[PDB]
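Presented as structure tokens, the chain that follows is alone, the form deposited without the partner chain.
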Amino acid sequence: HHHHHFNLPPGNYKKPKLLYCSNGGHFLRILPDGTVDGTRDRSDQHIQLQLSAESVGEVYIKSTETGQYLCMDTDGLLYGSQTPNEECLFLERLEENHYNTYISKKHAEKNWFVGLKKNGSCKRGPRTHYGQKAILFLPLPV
């Protein structure tokens, strides 16, 4: 069944985290209106994320500030949703024995990842793939 590996990162979901991406040095953010992107401002109140498990390897990425869920639509674009749906689950995996990568479960077979461009804007599912800097995240303490 699995279309991807199962190397899992060290860590827990006990506390929220910040999802930092080295590509351009941004923190993934889920704005109030549902907008998803990144920002370099560590003080931003919409970058604090609480992850939680579903099945092993699966996570929900929720904004602690606004209760919103990260989702990826059928075109590969990320957005914030009020409640969970059939497109808010992601496969949390280790990558390069160090970073964390988030793959859209629903679109696992397409190799669609959560990613941030160098300019701070989100990547489109179809424009991401293994080996990109934009898909590498480091979960940091708030």
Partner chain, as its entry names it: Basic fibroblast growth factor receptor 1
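Residue numbers count along the first chain shown, from 1.
As for the form deposited with the partner chain bound, it is not shown, yet the points below apply to it.
Can you tell me if residue 55 lies within 4.5 angstroms of the partner chain in the deposited bound form, counting non-hydrogen atoms only?
Flag for residue 55 set to yes.
Classify residue 108 as contacting or not contacting the partner chain in the deposited bound form by the rule of any non-hydrogen atom within 4.5 angstroms, answering yes or no.
No, residue 108 is distant from the partner.
Does residue 51 make contact with the partner chain in the deposited bound form, using a 4.5 Å heavy atom cut-off?
Contact with the partner chain, yes.
Taking heavy atoms and a 4.5 Å cut-off, does residue 100 contact the partner chain in the deposited bound form?
The answer is yes: residue 100 has a heavy atom within 4.5 Å of the partner chain.
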